[PDB]
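In the form deposited in one PDB entry, a lone chain appears below as structure tokens.
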């Protein structure tokens, strides 16, 4: 009968009441379970996303990301990547919303912020992959790109690895200099370091940049620690990549969603037959993976809508428990299903 809307105030209230670490852990755990279900064939990857490329102000994309859970509900995330937003408008680069529709009737049942949820599930996905593929004694995290995603990359990874420090870089000096402040709550010490130094000293790296098509790589084609694990998180336009080919070619590479990664991930640079097993496979059999901790690995992360559905369920469970959100009758359900004009009662 009415759409449950959770906007920014309620989302803030969930975080305040649950706690950042606990919320992140719930999302890590949900994703881990969901990916293992996919890996056993009990659930299935989302369809490929689509989007509309926008050339201005600077090149970006607005995308739609559906996922169906048959007999239950459809999730739709709608999300912009607008890399001029922070400096031009004081808005995040990544701006979106997540909707849920009843699978049986089509009715819009819930709608909420996608900005926070996106950042949380993206950190979580890197944590799932890094727990499997990073050495368990990893002490140094490298971050290339210190914008929004970097915050939750650090946070999530601090929950699953014994991180002592983060070596960080961004092409924008103001964005790298403010990272320590944004990261303070994790307790991981931050040091600004050049990409060459990050590549050489990190045990684990996340790359999460707004680099343009034709502007990589964001790390040099260098020698790295033999156990290095990299989460390649930047992803937006077709053509956009962050890692040097010569590094990728000697890595074990696991995509979150192989078809989508081959279009918009690092796997753009590779043949399909060069890809290792997908992340869900590793989640269903963590022993396919553990043996790969000690050699070079890359998690090619594009994000996919099932992750959004799961993250949304975490928020919906917490909100329901606290009676958060409002109810809005958005869709018109006529008094007679066969009469679009049965709008009664008319106001005044």
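Throughout, rigid core stands for the largest set of C-alpha atoms superposing within 1.5 Å between the two forms. Residues that one form lacks are left out of the comparison. Residue numbers count along the first chain shown, from 1.
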Query raised in the report: When the C-alpha temperature factors are averaged for each of 273 to 281 and 245 to 253, which stretch ends up with the higher value in the entry?
Result: 273 to 281
Report summary line: Higher of the two mean Cα B-factors (111 to 119, 180 to 188; per PDB record) comes from 180 to 188
Report summary line: Residue set 56, 300, 307, 63, per-entry CA B-factor max assigned to 56
Query raised in the report: Between 90, 80, 106, 145, which one tops the list for C-alpha B-factor in the PDB entry?
Result: 90
Query raised in the report: Among the modelled residues of its chain, does the C-alpha B-factor of residue 85 lie in the lowest, middle or highest third?
Result: highest
Report summary line: Assert third(CA B-factor, residue 48) within chain per record equals highest
Query - residue 322 - which third its CA temperature factor falls in, relative to the rest of the chain - result: highest
Requested in this report: Rank-wise, by C-alpha B-factor, drop residue 264 into the lowest, middle or highest third of its chain.
Outcome: middle
Query - Cα B factor band for residue 73 (lowest, middle or highest third within the chain) - result: lowest
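The form solved in complex with a small molecule exists for this protein as well; it is not shown, and the discussion that follows is about that form.
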Requested in this report: Report the residue, out of 227, 197, 263, 165, that has at least one non-hydrogen atom within 4.5 angstroms of the small molecule in the deposited complex.
Outcome: 263
Report summary line: Answer key, the small molecule contact in the deposited complex at 4.5 Å (heavy atoms) among 42, 294, 321, 53: the residue is 53
**Report entry** Proximity to the small molecule in the deposited complex (heavy atom, within 4.5 Å), stretch among 55 to 63, 27 to 35, 310 to 318, 285 to 293
**Finding:** 55 to 63
Query raised in the report: residue 49: heavy atom within 4.5 Å of the small molecule in the deposited complex?
Result: yes
Query raised in the report: Upon rigid-core superposition, which contiguous segments of at least three residues exhibit Cα shifts of 2 angstroms or more between the shown form and the other one?
Result: 344 to 348
